[PDB]
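Worksheet: one structure, shown below.
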Amino acid sequence: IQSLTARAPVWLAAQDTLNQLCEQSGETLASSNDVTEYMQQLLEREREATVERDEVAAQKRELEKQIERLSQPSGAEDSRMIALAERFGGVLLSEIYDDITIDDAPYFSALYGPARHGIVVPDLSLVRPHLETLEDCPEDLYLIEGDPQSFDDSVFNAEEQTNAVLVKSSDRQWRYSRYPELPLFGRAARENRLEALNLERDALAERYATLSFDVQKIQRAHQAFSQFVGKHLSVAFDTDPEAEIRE
Amino acid sequence: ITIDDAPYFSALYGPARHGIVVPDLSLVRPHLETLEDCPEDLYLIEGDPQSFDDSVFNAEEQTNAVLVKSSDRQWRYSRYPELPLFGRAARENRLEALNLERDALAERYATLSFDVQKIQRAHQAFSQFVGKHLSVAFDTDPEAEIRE
Amino acid sequence: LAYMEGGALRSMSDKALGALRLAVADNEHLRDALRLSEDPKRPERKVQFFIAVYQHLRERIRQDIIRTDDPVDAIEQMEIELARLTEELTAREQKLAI
């Protein structure tokens, strides 16, 4: 009786800890081997959830990068377009066409092509010296000549076609710009579209948070099981003393 | 095309780097309205595919860059890219380097998997011991008590 | 604890009450219930205090975004909320900067 009594409290605390740990799970444990397979299932769920979480995070990061790219000063290639714009007494072409209608925006964007984002500089000789210096700039920088405040439409070999525009960029060379959707020009409702991107990313962030919480919960369950087994295995699944002591 | 001038050719061509050498230009205009899946800024040039004459540019070479009079009141500045569209030569050594990195990752994964296998085996041995010899584990020798 | 003498139980209870003193400093109703609970001739008050804890812990659940009636199971939901609010804080900081 005294030996069983001495053994008792350890066994009782072990039983209570094990019952709490198992009930926290949907399963009830019955063996050390069974605990090992539960650990294996925990590892499987963890290695899965982490992959989904990372995939969602990559999608998320792409979404915020896209949202930022449309931010300032007027959503464009502002990484270097900024310095390229204020360093010279010019104005962004996209900003110049900032207020164009959503309907004329695709037409003008197709008409202007890769030069939509160009910078208006009436001289073209201010950039002539600095050209050699420019090593950190978009692989294709675009500049146009005219009055930034009242620039006259760039003369083009344009040829409008159904929802598109052909153009002769140089002798024997044509660029065919199909009417884009949600264009560069007309950057007033494009702010509304980056708001729509924020709305879209809201659900992505919600799902990422759920996945991260699941990962944390699985990690904490695994750590609790580890601590358990550290303190617990010696008496796990052993016979009940209380009944023996009463008998 | 040579690796040396390939970045130069890419910088000179710009977005027109990706283009089709159609010496007629007559199959496009009727089909132009018929092109919908084509890239939005489709680029087409007139030249002989057998001997494509050098494309027309008013090109000035700056240090690792170029300036081209793309059109009236339009001067375009470009820099030299890497892995240019021209002179690909299949760039097979880049594929090989990527394969080397992937194979190194696979080898590392194999080694880690083997280590995990060994650790699992040791765990199962420990579990087996504690399942069958835990009760008498570390306890004293009964032979002395028996002799006493 | 069924196999531990009363003196050690008194000692653990004393230590726990000392901790509760600091823990419940802010609250007034829980503090008053605790201040009542130490009379040794009214044991049920102690039990009541526990109820008063859980009860209180339930009303302040802010069930608008939480559901678990048991506060012990709401720690996960608060952790979820902290993670979500950290994300929202990052977004807000970026927006303010721009």
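Numbering starts fresh at 1 for the residues of each chain in the structure tokens, the chains themselves are lettered A, B, ... in the order given, and ligands are numbered from 1 as they appear.
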
Practice item. Assign secondary structure with DSSP using the backbone only, and return the residues of segment 106-177 of chain A in alpha helix (DSSP H) as a ChimeraX atom specification. Key: /A:106-112,127-130

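Interface residues of chain A facing chain B, defined by any atom at most 6 Å away and using only C-alpha atoms, are residues 132, 139, 140, 141, 142, 143, 144, 145, 172, 173, 174, 175, 176, 177 and 178 of chain A.
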
Dump of N, CA, C and O atoms for the selected residues, as a compact mmCIF listing (two decimals), in the first residue's frame:
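Output below, filename result_31.txt:
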# COMPACT_ATOMS: atom_id res chain seq x y z
N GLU A 132 25.43 59.10 -70.79
CA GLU A 132 26.51 58.17 -70.48
C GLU A 132 26.50 57.77 -69.01
O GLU A 132 26.86 56.64 -68.67
N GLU A 139 15.52 49.40 -68.55
CA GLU A 139 16.28 48.95 -69.72
C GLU A 139 15.93 49.73 -70.97
O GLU A 139 16.74 49.77 -71.91
N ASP A 140 14.76 50.36 -71.02
CA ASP A 140 14.35 51.17 -72.17
C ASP A 140 13.69 52.44 -71.64
O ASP A 140 12.48 52.46 -71.37
N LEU A 141 14.48 53.50 -71.49
CA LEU A 141 13.96 54.79 -71.08
C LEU A 141 13.41 55.54 -72.28
O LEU A 141 14.01 55.54 -73.36
N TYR A 142 12.26 56.19 -72.09
CA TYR A 142 11.56 56.88 -73.16
C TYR A 142 11.48 58.37 -72.85
O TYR A 142 11.14 58.76 -71.73
N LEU A 143 11.79 59.19 -73.85
CA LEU A 143 11.74 60.63 -73.73
C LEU A 143 11.07 61.21 -74.97
O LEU A 143 11.27 60.72 -76.08
N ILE A 144 10.27 62.26 -74.77
CA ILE A 144 9.56 62.93 -75.85
C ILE A 144 9.83 64.42 -75.73
O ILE A 144 10.12 64.94 -74.65
N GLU A 145 9.74 65.12 -76.86
CA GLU A 145 10.11 66.53 -76.95
C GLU A 145 8.86 67.38 -77.14
O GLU A 145 8.11 67.19 -78.10
N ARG A 172 10.25 50.01 -92.31
CA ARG A 172 10.06 48.56 -92.34
C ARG A 172 9.68 47.98 -90.98
O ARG A 172 9.76 46.76 -90.80
N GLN A 173 9.25 48.80 -90.03
CA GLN A 173 9.03 48.36 -88.66
C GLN A 173 7.65 48.81 -88.20
O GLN A 173 7.36 50.01 -88.20
N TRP A 174 6.82 47.86 -87.79
CA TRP A 174 5.50 48.19 -87.26
C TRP A 174 5.32 47.61 -85.87
O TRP A 174 5.72 46.47 -85.59
N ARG A 175 4.70 48.40 -85.00
CA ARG A 175 4.26 47.97 -83.68
C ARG A 175 2.74 48.01 -83.66
O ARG A 175 2.13 49.02 -84.01
N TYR A 176 2.14 46.90 -83.25
CA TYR A 176 0.69 46.75 -83.24
C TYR A 176 0.24 46.67 -81.78
O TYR A 176 0.43 45.64 -81.13
N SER A 177 -0.34 47.75 -81.28
CA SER A 177 -0.76 47.85 -79.89
C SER A 177 -2.25 47.55 -79.81
O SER A 177 -3.08 48.37 -80.24
N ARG A 178 -2.60 46.39 -79.27
CA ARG A 178 -4.00 46.08 -79.02
C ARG A 178 -4.52 46.92 -77.86
O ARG A 178 -3.80 47.15 -76.88

Check your understanding: Once you count only C-alpha atoms, which residues of chain C turn out to be within 12 Å of chain A? Could you give them as a PyMOL selection string?
Key -> chain C and resi 1-4+72-73+75-88+90-92+94-95+97-98

Output file for the residues above (N, CA, C and O atoms, as a compact mmCIF listing (two decimals), in the first residue's frame):
# COMPACT_ATOMS: atom_id res chain seq x y z
N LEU C 1 -3.25 16.30 -6.29
CA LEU C 1 -2.92 16.81 -4.97
C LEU C 1 -3.50 15.97 -3.84
O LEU C 1 -3.23 16.26 -2.67
N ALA C 2 -4.27 14.93 -4.16
CA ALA C 2 -4.92 14.14 -3.13
C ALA C 2 -3.92 13.52 -2.16
O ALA C 2 -4.30 13.16 -1.04
N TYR C 3 -2.66 13.38 -2.56
CA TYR C 3 -1.64 12.73 -1.76
C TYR C 3 -0.57 13.72 -1.30
O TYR C 3 0.63 13.43 -1.35
N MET C 4 -1.00 14.89 -0.86
CA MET C 4 -0.11 15.91 -0.32
C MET C 4 -0.71 16.48 0.95
O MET C 4 -1.92 16.73 1.01
N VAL C 72 -10.19 29.38 -22.01
CA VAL C 72 -8.98 28.61 -22.26
C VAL C 72 -8.83 28.31 -23.74
O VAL C 72 -7.71 28.28 -24.27
N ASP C 73 -9.94 28.10 -24.45
CA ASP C 73 -9.90 27.80 -25.87
C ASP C 73 -9.90 29.05 -26.74
O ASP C 73 -9.77 28.93 -27.96
N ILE C 75 -7.60 31.45 -26.44
CA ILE C 75 -6.23 31.91 -26.62
C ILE C 75 -5.83 31.78 -28.08
O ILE C 75 -5.14 32.64 -28.64
N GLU C 76 -6.26 30.69 -28.72
CA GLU C 76 -5.98 30.52 -30.14
C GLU C 76 -6.59 31.64 -30.96
O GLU C 76 -5.96 32.18 -31.88
N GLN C 77 -7.83 32.02 -30.64
CA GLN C 77 -8.48 33.08 -31.40
C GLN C 77 -7.81 34.43 -31.17
O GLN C 77 -7.64 35.21 -32.12
N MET C 78 -7.40 34.72 -29.94
CA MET C 78 -6.64 35.95 -29.72
C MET C 78 -5.31 35.92 -30.47
O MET C 78 -4.86 36.95 -30.97
N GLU C 79 -4.65 34.77 -30.54
CA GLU C 79 -3.41 34.70 -31.31
C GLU C 79 -3.68 34.98 -32.79
O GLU C 79 -2.91 35.69 -33.45
N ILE C 80 -4.77 34.42 -33.31
CA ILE C 80 -5.17 34.71 -34.68
C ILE C 80 -5.34 36.21 -34.87
O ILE C 80 -4.89 36.80 -35.86
N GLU C 81 -6.03 36.84 -33.91
CA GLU C 81 -6.29 38.27 -34.01
C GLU C 81 -5.00 39.09 -33.96
O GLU C 81 -4.86 40.06 -34.71
N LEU C 82 -4.07 38.72 -33.09
CA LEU C 82 -2.79 39.42 -33.07
C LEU C 82 -2.06 39.30 -34.40
O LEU C 82 -1.50 40.28 -34.90
N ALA C 83 -2.05 38.11 -34.99
CA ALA C 83 -1.38 37.95 -36.28
C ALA C 83 -2.04 38.82 -37.35
O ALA C 83 -1.37 39.53 -38.12
N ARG C 84 -3.38 38.79 -37.39
CA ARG C 84 -4.10 39.58 -38.37
C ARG C 84 -3.86 41.07 -38.17
O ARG C 84 -3.68 41.82 -39.13
N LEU C 85 -3.83 41.51 -36.91
CA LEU C 85 -3.60 42.92 -36.63
C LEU C 85 -2.17 43.33 -36.93
O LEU C 85 -1.94 44.48 -37.31
N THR C 86 -1.21 42.43 -36.78
CA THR C 86 0.15 42.74 -37.21
C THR C 86 0.20 42.98 -38.71
O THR C 86 0.83 43.94 -39.19
N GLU C 87 -0.48 42.12 -39.47
CA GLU C 87 -0.57 42.35 -40.91
C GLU C 87 -1.22 43.69 -41.21
O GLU C 87 -0.74 44.46 -42.06
N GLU C 88 -2.32 43.99 -40.53
CA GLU C 88 -3.03 45.25 -40.76
C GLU C 88 -2.16 46.44 -40.39
O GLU C 88 -2.21 47.48 -41.05
N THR C 90 1.14 46.58 -40.56
CA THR C 90 2.10 46.76 -41.64
C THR C 90 1.46 47.50 -42.81
O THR C 90 2.04 48.44 -43.37
N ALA C 91 0.24 47.09 -43.17
CA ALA C 91 -0.46 47.75 -44.27
C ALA C 91 -0.69 49.23 -43.95
O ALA C 91 -0.47 50.10 -44.80
N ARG C 92 -1.13 49.52 -42.73
CA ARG C 92 -1.41 50.90 -42.34
C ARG C 92 -0.15 51.74 -42.36
O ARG C 92 -0.17 52.91 -42.76
N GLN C 94 2.53 51.30 -44.23
CA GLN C 94 2.86 51.59 -45.63
C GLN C 94 1.96 52.68 -46.18
O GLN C 94 2.42 53.60 -46.88
N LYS C 95 0.66 52.60 -45.88
CA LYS C 95 -0.28 53.59 -46.39
C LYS C 95 0.05 54.98 -45.86
O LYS C 95 0.02 55.97 -46.60
N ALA C 97 2.96 56.09 -44.83
CA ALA C 97 4.19 56.58 -45.45
C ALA C 97 3.92 57.15 -46.83
O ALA C 97 4.39 58.24 -47.18
N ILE C 98 3.15 56.42 -47.64
CA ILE C 98 2.87 56.91 -48.99
C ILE C 98 2.06 58.20 -48.94
O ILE C 98 2.28 59.12 -49.73

Point to revise | Filtered DSSP result for chain B, state strand (DSSP E or B), as a PyMOL selection string | key: chain B and resi 20-21+41-45+59-62+65-71+74-79

Any chance you can output those residues with N, CA and C atoms as a CSV table (one decimal), in the first residue's frame?
chain,number,residue,atom,x,y,z
B,20,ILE,N,8.7,39.5,-85.7
B,20,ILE,CA,8.6,38.6,-86.8
B,20,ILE,C,9.1,39.2,-88.1
B,21,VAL,N,9.9,38.5,-88.8
B,21,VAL,CA,10.5,39.1,-90.1
B,21,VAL,C,9.6,38.7,-91.2
B,41,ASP,N,1.3,44.6,-77.7
B,41,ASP,CA,2.2,45.4,-78.5
B,41,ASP,C,3.0,44.4,-79.4
B,42,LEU,N,2.3,43.9,-80.4
B,42,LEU,CA,2.9,43.0,-81.4
B,42,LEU,C,3.9,43.8,-82.2
B,43,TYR,N,5.1,43.2,-82.5
B,43,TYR,CA,6.1,43.9,-83.3
B,43,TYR,C,6.3,43.1,-84.6
B,44,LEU,N,6.2,43.8,-85.7
B,44,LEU,CA,6.4,43.2,-87.0
B,44,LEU,C,7.3,44.0,-87.9
B,45,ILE,N,8.2,43.3,-88.6
B,45,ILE,CA,9.2,44.0,-89.4
B,45,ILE,C,9.2,43.5,-90.8
B,59,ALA,N,21.1,55.0,-84.4
B,59,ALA,CA,21.7,54.5,-83.2
B,59,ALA,C,23.0,55.2,-82.9
B,60,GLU,N,23.1,55.7,-81.6
B,60,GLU,CA,24.3,56.2,-81.1
B,60,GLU,C,24.7,55.4,-79.8
B,61,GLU,N,25.9,54.9,-79.8
B,61,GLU,CA,26.4,54.0,-78.8
B,61,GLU,C,27.0,54.8,-77.6
B,62,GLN,N,26.3,54.7,-76.5
B,62,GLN,CA,26.9,55.2,-75.2
B,62,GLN,C,27.5,54.0,-74.4
B,65,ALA,N,25.2,51.3,-73.4
B,65,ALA,CA,23.9,51.8,-73.7
B,65,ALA,C,23.8,52.3,-75.1
B,66,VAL,N,22.6,52.7,-75.5
B,66,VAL,CA,22.3,53.2,-76.8
B,66,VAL,C,21.2,54.2,-76.8
B,67,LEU,N,21.2,55.1,-77.7
B,67,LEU,CA,20.2,56.1,-77.9
B,67,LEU,C,19.7,56.0,-79.4
B,68,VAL,N,18.4,55.9,-79.6
B,68,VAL,CA,17.9,55.7,-81.0
B,68,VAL,C,16.8,56.7,-81.2
B,69,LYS,N,16.8,57.4,-82.3
B,69,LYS,CA,15.7,58.2,-82.7
B,69,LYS,C,14.6,57.3,-83.2
B,70,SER,N,13.7,56.9,-82.2
B,70,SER,CA,12.7,56.0,-82.6
B,70,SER,C,11.7,56.6,-83.6
B,71,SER,N,11.3,57.8,-83.4
B,71,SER,CA,10.4,58.6,-84.3
B,71,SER,C,10.6,60.0,-84.0
B,74,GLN,N,10.9,61.7,-80.6
B,74,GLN,CA,11.0,60.5,-79.7
B,74,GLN,C,12.4,59.9,-79.8
B,75,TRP,N,13.2,60.2,-78.8
B,75,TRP,CA,14.5,59.6,-78.6
B,75,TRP,C,14.5,58.7,-77.5
B,76,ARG,N,14.9,57.4,-77.7
B,76,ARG,CA,14.7,56.3,-76.8
B,76,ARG,C,16.1,55.9,-76.3
B,77,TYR,N,16.3,55.9,-75.0
B,77,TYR,CA,17.5,55.5,-74.3
B,77,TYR,C,17.4,54.1,-73.7
B,78,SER,N,18.3,53.2,-74.0
B,78,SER,CA,18.3,51.8,-73.5
B,78,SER,C,19.6,51.4,-73.0
B,79,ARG,N,19.7,50.5,-72.1
B,79,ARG,CA,20.9,49.9,-71.6
B,79,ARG,C,21.1,48.5,-72.1

Residues within 12 Å of residue 184 of chain A, please, as an mmCIF file with C-alpha atoms, in the first residue's frame. Count only C-alpha atoms; anything in the same chain fewer than 5 positions from it doesn't count.
data_model
loop_
_atom_site.group_PDB
_atom_site.id
_atom_site.type_symbol
_atom_site.label_atom_id
_atom_site.label_comp_id
_atom_site.auth_asym_id
_atom_site.auth_seq_id
_atom_site.Cartn_x
_atom_site.Cartn_y
_atom_site.Cartn_z
ATOM 1 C CA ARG A 69 3.936 49.888 -58.461
ATOM 2 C CA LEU A 70 0.813 52.004 -59.097
ATOM 3 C CA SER A 74 1.439 58.719 -60.545
ATOM 4 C CA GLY A 75 1.528 54.936 -60.748
ATOM 5 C CA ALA A 76 4.346 54.161 -63.178
ATOM 6 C CA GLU A 77 7.926 52.838 -63.215
ATOM 7 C CA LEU A 92 5.583 62.335 -66.844
ATOM 8 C CA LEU A 93 3.565 61.609 -69.974
ATOM 9 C CA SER A 94 1.255 59.302 -68.021
ATOM 10 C CA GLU A 95 0.639 62.105 -65.529
ATOM 11 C CA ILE A 96 0.108 64.485 -68.451
ATOM 12 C CA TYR A 97 -2.608 62.061 -69.602
ATOM 13 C CA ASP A 98 -3.670 61.379 -66.004
ATOM 14 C CA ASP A 99 -7.211 62.708 -66.443
ATOM 15 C CA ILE A 100 -8.051 61.034 -69.766
ATOM 16 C CA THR A 101 -11.292 59.066 -69.770
ATOM 17 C CA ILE A 102 -11.416 55.319 -69.188
ATOM 18 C CA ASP A 104 -9.926 57.055 -74.452
ATOM 19 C CA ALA A 105 -7.316 55.706 -72.025
ATOM 20 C CA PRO A 106 -6.892 52.340 -73.825
ATOM 21 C CA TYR A 107 -6.763 54.013 -77.238
ATOM 22 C CA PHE A 108 -4.106 56.519 -76.181
ATOM 23 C CA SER A 109 -2.155 53.836 -74.314
ATOM 24 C CA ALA A 110 -2.087 51.623 -77.405
ATOM 25 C CA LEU A 111 -1.144 54.630 -79.532
ATOM 26 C CA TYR A 112 1.785 55.566 -77.292
ATOM 27 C CA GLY A 113 3.028 52.016 -76.715
ATOM 28 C CA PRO A 114 6.166 51.477 -74.629
ATOM 29 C CA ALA A 115 6.553 55.284 -74.702
ATOM 30 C CA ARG A 116 3.394 55.810 -72.623
ATOM 31 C CA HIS A 117 5.509 56.266 -69.482
ATOM 32 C CA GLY A 118 8.061 58.529 -71.175
ATOM 33 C CA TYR A 179 -6.357 48.191 -76.916
ATOM 34 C CA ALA A 189 -9.692 55.050 -61.997
ATOM 35 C CA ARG A 190 -6.408 53.124 -61.960
ATOM 36 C CA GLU A 191 -6.225 54.244 -58.336
ATOM 37 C CA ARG A 193 -8.191 49.483 -59.483
#
